[PDB]
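Trainee: Return atomic coordinates for the entry below.
(11 chains)
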Amino acid sequence: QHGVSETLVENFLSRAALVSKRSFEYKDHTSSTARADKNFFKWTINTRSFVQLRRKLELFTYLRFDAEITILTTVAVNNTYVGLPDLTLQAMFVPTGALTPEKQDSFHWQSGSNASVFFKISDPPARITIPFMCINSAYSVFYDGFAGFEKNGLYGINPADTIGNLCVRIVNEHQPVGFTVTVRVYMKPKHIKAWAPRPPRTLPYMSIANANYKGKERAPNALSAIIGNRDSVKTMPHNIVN
Amino acid sequence: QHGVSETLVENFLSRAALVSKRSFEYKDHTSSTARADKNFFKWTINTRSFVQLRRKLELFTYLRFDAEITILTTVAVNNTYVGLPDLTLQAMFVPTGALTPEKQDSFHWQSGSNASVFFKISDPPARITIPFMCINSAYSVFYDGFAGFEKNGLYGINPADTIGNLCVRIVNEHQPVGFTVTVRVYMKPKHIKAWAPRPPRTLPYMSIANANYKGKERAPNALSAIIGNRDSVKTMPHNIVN
Amino acid sequence: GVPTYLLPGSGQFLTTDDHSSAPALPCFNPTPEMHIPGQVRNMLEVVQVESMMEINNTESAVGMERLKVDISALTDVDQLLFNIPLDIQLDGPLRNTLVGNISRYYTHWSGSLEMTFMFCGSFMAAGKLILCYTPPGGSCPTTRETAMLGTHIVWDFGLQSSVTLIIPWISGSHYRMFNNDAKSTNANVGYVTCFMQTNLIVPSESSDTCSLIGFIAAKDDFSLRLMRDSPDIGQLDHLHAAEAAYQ
Amino acid sequence: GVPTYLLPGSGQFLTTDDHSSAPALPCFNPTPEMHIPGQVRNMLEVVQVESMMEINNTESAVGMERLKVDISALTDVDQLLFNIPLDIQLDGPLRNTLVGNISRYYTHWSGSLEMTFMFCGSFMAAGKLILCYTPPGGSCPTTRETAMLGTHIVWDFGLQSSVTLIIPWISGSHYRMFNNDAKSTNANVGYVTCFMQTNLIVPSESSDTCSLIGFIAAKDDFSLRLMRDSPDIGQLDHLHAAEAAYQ
Amino acid sequence: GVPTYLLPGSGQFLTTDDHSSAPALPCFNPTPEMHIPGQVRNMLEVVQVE
Amino acid sequence: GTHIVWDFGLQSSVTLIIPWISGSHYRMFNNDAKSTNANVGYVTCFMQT
Amino acid sequence: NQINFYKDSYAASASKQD
Amino acid sequence: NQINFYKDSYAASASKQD
Amino acid sequence: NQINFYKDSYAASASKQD
Amino acid sequence: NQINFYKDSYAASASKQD
Amino acid sequence: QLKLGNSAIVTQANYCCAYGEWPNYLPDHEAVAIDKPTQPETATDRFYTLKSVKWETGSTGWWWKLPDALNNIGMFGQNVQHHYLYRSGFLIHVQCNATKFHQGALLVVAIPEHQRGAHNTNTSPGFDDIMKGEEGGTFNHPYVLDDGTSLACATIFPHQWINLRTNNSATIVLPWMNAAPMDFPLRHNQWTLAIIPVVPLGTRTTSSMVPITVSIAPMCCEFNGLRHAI
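Mentor: Numbering: from 1, shown residues only, chains lettered A, B, ... in the order given. Sure, the structure comes next:
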């Protein structure tokens, strides 16, 4: 007579978990390097950058969900302190492999067809719903095979599994002091149909591109010993002693 | 013909009373001590830190309520004054004894399965509803007995009575001036079913872990004299004199 | 969309409100309601249970001597034994009662009271008392001839070892306030006094210092409203190990 | 317009909420649902599948030797072979199981367990075991006479090469918590021990070091609630090429 | 009044949304729809032309 | 065993039913007072208060 | 979406019904 | 007050009906 | 929760009905 | 005005109906 | 007459259904464990009589936590040590009588979940201060019930009065008082029989060593989780 409704996969996986986080600078980028974010960042939307949602979504082989992207923008100041600004941010949704902008004020941000969302810091966080956009009927979470017809393709990375790019910029111009604008993206998968459950991953992750494994140096969660050791098979660790 | 609806236990106990309060600093914690809050605090959610809701909930032996946690965050500045910031706070709900974060920017705050709430100071206060989460059918407010099977357990502290941990951090990074961010938590118990009423506690509380008593040095509410003294049993204190 | 506008009172956290709020744990299955004995749906059920009065709230009455009232064999005639301050809301012998600790969570109260005086002498101890309830306005009556004009009951220590002194609800107002003025018309309740109707008469082998335990309850017409915090408890610092709930 | 007012809880992003939100791609036509085998509507379907226990979680058991338990021909009488820490929520031989990895996403759990012990000796290997389940409260029983008083099953290596040791749900509470206290009444589960009922008796051409593989599943009455993050995974830095998702 | 609370996603200008908005010119009478040849209700009609 | 607790209040007498508890149908006599077939039991009396 | 609390018929949402 | 737009039954207002 | 004032069927809340 | 989403009868608007 | 099992008490009476509830077995819809709990009916549902405590002049009080008073007595104590769970009501009958020349009053009060408190220290009471066993305890401060509460309001609990004028017995009939249907007996005590001299023993006759004898009959004992004894 116990309710089993909390272990539903629609309830199990629909936690709005952190999927992206960049503290990028917000200043005069006339003298900054090429690798640094010049008031914008692209992010290829993947479930794999943070290991807690990843291990939950890697419990299944095939997932059919609607990503409910919630973008939490928060701001800090890089000697003296002044008031935090009410910065307007654009988060333009670019598809996989399409043209992502190269500047803050480039003419790709006009969003003549791309889905953008113009939100502020002092507003509630920008929550959009990105649909099930796989060309297949489910996201191949694990894709045993290769994408390209040649033999140079990446193993495990099906581009149909890839959601897309989330190009996020600050709509405001540069201001005479530098701010550190941290953009946290929270994806809540919903309308979830889950197929083919898998062994939960025990060893720690190495890369987001694959399923490489190293393990800890000692038990628990080591390669030769996943479960932590005890004395003998007839030795009870948490034994009651009275 | 008088209405008795205000003395209902659903009306009696459902006052959103202060259950937690920490003024913690918000600054560069690279040179602070280990005991001080480095932009986050854990709180084991108990009804016992503040004696006015505690004595109301200690009127009963068994309580079955839904805690409606309201988190009021308010901010002050630690020479010169500048504008108050619009700080974003996360209040991640960790269960009893589970992994609470050790940093502000640790990877436990990603909330892949824990219930978090991301709220700002200038917003209305973050009001969540934490359900009746006891494994028993009521919270043992007073638990005559011990938790562990060994003889080292804590007396009176049933972990089934314990709600959980309320790990609250500030999502923003450190800013070049120090702020004092006071987080007041207001729990309103609701859907209350109350069993086995008890004597109201007369002596002042000593600790939140138990029901120790010392009493005042003199009457009223002393150990040897709860009610304040008078001259004789035949002496009326508030006697009308005309 | 829907054209709205924020009223005054928007974004204010009123503590005593009644609103559905966002559940932290979705599709939570709570523990099924097992039938636990003694459910209280209403705090007046706690109030109507009779509880001991500390009529002996004097000095040199240490601890448990405060509950009982030591009556003795008196060589005089019609003497005063005890009088009871009837302020439920204020400090006095009714404060540490079920009718008094719960009513100090409130400000306005109604309804009758119910004093039960339990005699705890020997079976050979015989005597009589009179339990005068005096409605307020005047002084506390000291002689017996003054107080039997009120609402009294005359009680034997024969087969009866207990009473039911119904303090009637006599007030002009519907309710009665609490103030720091104990002598207000809205706050003062009256005076219960107790006199030797005859005497306490014991034999040579029964102890003469017989004790009365006095109860007080409420009746079915009792009522309480305008809830306030209890002055019976209060902290000046944090409690012990209150930091340990955080650490 | 419509007179509104913002409640407390306005503009807060609760992660576990349930609200319709603005679609980024309007009039999107999703890919039609093709029937893929093995749909999981409920995570207890993943739990009820039996999975191997690492009873041999000792040193010098490297890798795959941890799944099997090497039982041998014993010259003594009624000896102990292995005991199993039954904390599903905590670390131990049940952690890396389908009943254990999914339950460490939760805090409170119910229902029975289902241990299947698969014997992997020769066909000529004959013997008997007893699989005692001891409800908690006392120490882990070491002699056979102590533990057969509990819930045991006596198992032949005849035609039977597997069992179904139903660990019954015996608890006072409806559910069972997780804590860092493994010895709590709300957390401790019991003890499964295994004894030589008779012996392992093999001929001269069968290997004496026979192995037991132990499974554990759940039953239909199993339940899990109060979801939490898994302690079985956790990162201290960003993963490799996590910057390459941005660059 | 009506007890409301702002969801996440409040005050964000999503470009591809679908909402009724405030008309600048009230009681405007638009020009009546004269039948113009070759209406395209769907861009695949443009695609199917060789 | 089979006890009864008796007040000296209104009650000045009792009825302590010694129940027939024996394995056999009957009980023998012997010169062995400690036989299973001969021994009956023990009625004891204690100060309750 | 059927929400149009304006008195003008052009003020409605984008009529994407086909 | 009958406003409960959440899918959970415990998320409602305080059931003060007696 | 039955509130979906969007024209898209995927934009609804998480269908936790089982 | 008929909007009273509170459980208390005194919490309504000013009853100016006469 | 109160005849439970082979035990009996010839009574002359006024009992107390505690919170209006009579002890019954656990109903099958509120049952939790999947196995049928054993019900040792006549072996445990019988009057287990503890030691008598000397009702003196300078006595403060006595407390027996249940079933900690009965974890080592008879077939209740053997069922307690051999079973992980139990669910028992109690029929406490308290015997205390004296002459018609003695005065005194007993607040025979049964306290559900008597979480005690130590006096004038922040340290919680240990194991040896709570689980006294068959010997019971003695109130350090009976006026505050050893937990900072009040003796004056202790009549909210299931109580009976032995006024040595009127009656010589108190019968309190306790149901299963726990948030859980069954519980572990060796680490938890649902009830606590508190016997308290509100009015002390006084007389002018020859002094008799007046005791208070306590007969506690468990009622409707279930037991579950059979294993070896402890």
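
Trainee: Now chain G against chain K: closest residue?
Mentor: For chain G, the residue closest to chain K is residue G:2, as judged by Cβ to the nearest Cβ, at 46.7 Å. C-beta: built from backbone N, CA, C; applies to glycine.

Trainee: all strands of chain G, in order?
Mentor: With DSSP state E applied, chain G shows no strands anywhere along its length.

Trainee: repeat for chain A
Mentor: Along chain A, counting by DSSP E, strands occupy A:17-26, A:40-41, A:60-77, A:88-94, A:117-120, A:126-129, A:139-140, A:165-170, A:179-197.

Trainee: How many neighbouring residues does the residue of chain G closest to chain K have?
Mentor: Counted with other Cβ atoms under 10 Å in any protein chain shown, residues neighbouring residue G:2 total 8.

Trainee: Dihedrals phi and psi, it?
Mentor: For residue G:2, the backbone dihedrals are phi -110, psi 10 (criterion: degrees, to the nearest 10).

Trainee: before we move on, back to that, so which of the strands of chain A is nearest residue H:6?
Mentor: Each of these was checked against residue H:6 via Cβ to Cβ, and the shortest separation belongs to strand A:179-197, namely 15.5 Å.

Trainee: Next one: the residue of chain A found nearest chain B from chain C, what distance?
Mentor: Nearest residue of chain A to chain B: residue A:52, at 2.8 Å (Cβ to the nearest Cβ). To chain C, residue A:52 is 17 Å away according to Cβ to the nearest Cβ, to the nearest Å.

Trainee: Now do that residue against residue D:121, distance only.
Mentor: With the distance defined as Cβ to Cβ, to the nearest Å, residue A:52 ends up 42 Å from residue D:121.

Trainee: More neighbours: the two, which one.
Mentor: Regarding residue A:52 and residue D:121, a neighbour count based on other Cβ under 10 Å identifies residue A:52 as having more, with 23 against 20.

Trainee: I'd like to check which residues are in contact with the more buried one.
Mentor: A:17, B:107, B:110-113, D:229-230, D:233-234 (Cβ atoms under 8 Å, 6 or more residues apart in numbering or on different chains).

Trainee: And for residue C:144?
Mentor: Under the criterion of Cβ under 8 Å, 6+ apart, the neighbours of residue C:144 are C:78, C:80, C:130, C:132, C:195-196.

Trainee: Let's see that with 7 Å instead.
Mentor: Listed by Cβ atoms under 7 Å, 6 or more residues apart in numbering or on different chains, the contact set of residue C:144 reads C:78, C:130, C:195.

Trainee: From residue C:209, how far off is the first one?
Mentor: Distance check for residue C:78 against residue C:209: by Cβ to Cβ, it reads 20 Å.

Trainee: just residue K:61 next, same as before
Mentor: Residue K:61 is 21 Å from residue C:209, where distance means Cβ to Cβ.

Trainee: burial measure for residue 188, as a count.
Mentor: Assuming you mean chain A. 27.

Trainee: Chain C was what I was after
Mentor: Each residue near residue C:188 was counted by other Cβ under 10 Å, and the total is 21.

Trainee: In space, what's closest to it - neighbours in sequence excluded?
Mentor: Leaving aside its sequence neighbours, residue C:188 sits nearest to residue C:136 (Cβ to Cβ, 6 or more residues apart in numbering or on different chains; 4.5 Å).

Trainee: Please identify the helix or strand for that neighbour.
Mentor: Using DSSP states H and E, residue C:136 sits in no helix or strand.

Trainee: now swap in residue C:122 and tell me
Mentor: In this structure, residue C:122 is located outside every helix and strand according to DSSP H and E.

Trainee: which residue packs closest to it, ignoring adjacent ones?
Mentor: For residue C:122, the nearest residue in space outside its immediate sequence neighbours is residue C:206; the separation is 3.9 Å by Cβ to Cβ, 6+ apart.

Trainee: how about the residues of chain K near chain D?
Mentor: Counting by Cβ under 7 Å from any Cβ of the partner chain, the residues of chain K lying close to chain D are K:32-35, K:84-85, K:180-184, K:186-187, K:224-228, K:230.

Trainee: what ranges do the helices span in chain C?
Mentor: Ranges of helices within chain C are C:44-47, C:98-101, C:144-147, based on DSSP state H.

Trainee: what does chain K have sitting close to chain B?
Mentor: If contacts are counted using Cβ under 7 Å from any Cβ, the residues of chain K sitting beside chain B are K:19, K:65, K:112-115, K:117-122, K:124-125, K:127, K:130, K:141, K:144-145, K:147-150, K:153-154, K:156, K:177, K:179-180, K:187-189, K:192.

Trainee: Drop anything exposed from those.
Mentor: For those, a burial check counting by 16 or more other Cβ atoms under 10 Å in any protein chain shown picks out K:19, K:65, K:112-115, K:117-119, K:124-125, K:130, K:141, K:144-145, K:147-150, K:153-154, K:156, K:177, K:179-180, K:187-189, K:192.

Trainee: hang on, the earlier thing: for PyMOL, write a command that selects the buried ones of the residues of chain K next to chain D.
Mentor: Here is the PyMOL command that selects the buried residues among the residues of chain K next to chain D (16+ other Cβ under 10 Å):
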select buried, chain K and resi 32+33+84+85+180+181+182+183+184+186+187+224+225+226+227+228
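
Trainee: Just the helices from chain K, written as ranges.
Mentor: For chain K, applying DSSP H gives helices covering K:41-44, K:74-82.

Trainee: Of those, which is nearest chain F?
Mentor: Comparison of these against chain F by Cβ to the nearest Cβ identifies helix K:74-82 as nearest, at 9.9 Å.

Trainee: CA atoms only for the top helix by length along chain A - export them in CSV, please.
Mentor: Counting by DSSP H, the longest helix found in chain A is helix A:51-57. Taking only C-alpha atoms (Å, rounded to 0.1, in the frame of the first residue of the first chain), the coordinates of helix A:51-57 have been written out as CSV:
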residue,chain,number,x,y,z
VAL,A,51,28.4,14.1,-13.6
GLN,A,52,25.2,13.9,-11.5
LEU,A,53,22.7,14.5,-14.3
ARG,A,54,25.0,12.5,-16.7
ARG,A,55,25.0,9.3,-14.6
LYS,A,56,21.2,9.6,-14.3
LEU,A,57,20.7,10.0,-18.0
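
Trainee: so how far is it off the chain centroid?
Mentor: 10 Å (Cα atoms, centre = their mean, to the nearest Å).

Trainee: At the geometric centre of chain K, which residue do we find?
Mentor: The central residue of chain K, meaning the one whose C-alpha is nearest the mean C-alpha position (Cα atoms, centre = their mean), is residue K:193 at 3.6 Å.
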